[PDB]
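Encoded as structure tokens, the structure appears first; notes follow it.
Virtual Cβ from ideal backbone geometry, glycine too; neighbours counted across all protein chains shown. Each value in this text was obtained by applying a stated rule to the coordinates, not by laboratory testing.
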Amino acid sequence: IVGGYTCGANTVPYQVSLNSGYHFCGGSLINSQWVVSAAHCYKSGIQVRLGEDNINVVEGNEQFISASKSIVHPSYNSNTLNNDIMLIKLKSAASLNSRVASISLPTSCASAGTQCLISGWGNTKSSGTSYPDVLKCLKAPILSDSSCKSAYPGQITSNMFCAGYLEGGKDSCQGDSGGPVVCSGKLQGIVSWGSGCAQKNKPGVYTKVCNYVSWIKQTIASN
Ligand SMILES: COc1cccc(CN)c1
Ligand SMILES: [Ca+2]
């Protein structure tokens, strides 16, 4: 997260860290046994880490649970990043509490202008590399489809939305991938892509979660 703020320990209880020996992506806990992330975060050997603040120190609220299976969206295209969504099942159910909690799926799609919360442990510089160890947060509005398409000609599908600031300075970044965009207590987006981070006229692009609720529910119900 570039240009954000320190969230505060366990203030984003649905935020998870995906760890394969090291943090590589975020995700969102959507019930006691399932996480939603980006398809471009797919890899084998994933441990889901819940209740994290400092991802480098055991602070006492963590639950470390290995993934039993991953399910990438059947229509995911890694070139265009269309359908950039993946489900991850935990080997055992997380113990839910105030600091480890699921985030509800959307009943409706959020409109342009809606204020959302984007979070993650990604790079905090738009040119440097500095990785924070504590969770970072950014409040950002969803941008209009027209402005999003104008920012990225030929690349924005109906399964994507832009959020952030055309002026730059505030954005998600590398390592935030797969993490949540939450608006009014619902998961509306997944950190997906962009051109660099926090650059003028290149806002973050996010997977449009409301298009996938049926797939998510059916997949969970049979797996
Ligand atoms: C180019 O690396 C990125 C990874 C995730 C999200 C974003 C959005 N600025 C950029
Ligand atoms: Ca920790």
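Overview of results
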read-out: Selection from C7, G122, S32 lying farthest towards where the dipole of segment 1-130 points positive, charges on Cβ; value: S32
read-out: Value of relative contact order over segment 165-223, rounded to a whole percent, pairs C-alpha under 8 Å and six or more apart; value: 33
read-out: Rh by Kirkwood over Cα pairs, then Stokes-Einstein D for segment 145-191 at 1.567 mPa s and 4 °C, µm²/s; value: 108
read-out: Pairs beyond 21 Å (Cα-Cα), from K69/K139; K149/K208; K43/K149; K149/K170; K43/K91; value: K69/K139; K43/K149
read-out: Point-charge dipole on Cβ atoms (K/R +1, D/E -1) for the chain, about Cα centre, debye to 20; value: 320
read-out: Net charge contributed by nearby residues that have their C-beta within less than 15 Å of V57 (K/R +1, D/E -1); value: -4
read-out: Along each principal axis, Cα extent of segment 27-150, largest first, Å; value: 45, 34, 29
read-out: For the chain, alpha-carbon Rg relative to the globular expectation (2.2 N^0.38 Å, N residues); value: 0.92
read-out: Average Cα contact separation per residue, segment 74-223, under 8 Å, 6 or more apart, as relative contact order %; value: 25
read-out: Net charge of Cβ neighbours under 12 Å - reference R99; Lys, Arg +1; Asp, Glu -1; value: -4
read-out: For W121, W34, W215, order by how many other beta-carbon atoms lie within 10 Å, fewest first; value: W215, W34, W121
read-out: Those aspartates and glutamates that a straight Cα-Cα span of less than 17 Å connects to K125, excepting residues fewer than 8 apart in one chain; value: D133, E167, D171, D176
read-out: Between segment 138-191 and segment 194-221, the Cα center-to-center distance that results, in Å; value: 8
read-out: Over segment 109-152: Rg over Rh, Cα atoms, Kirkwood Rh; value: 1.09
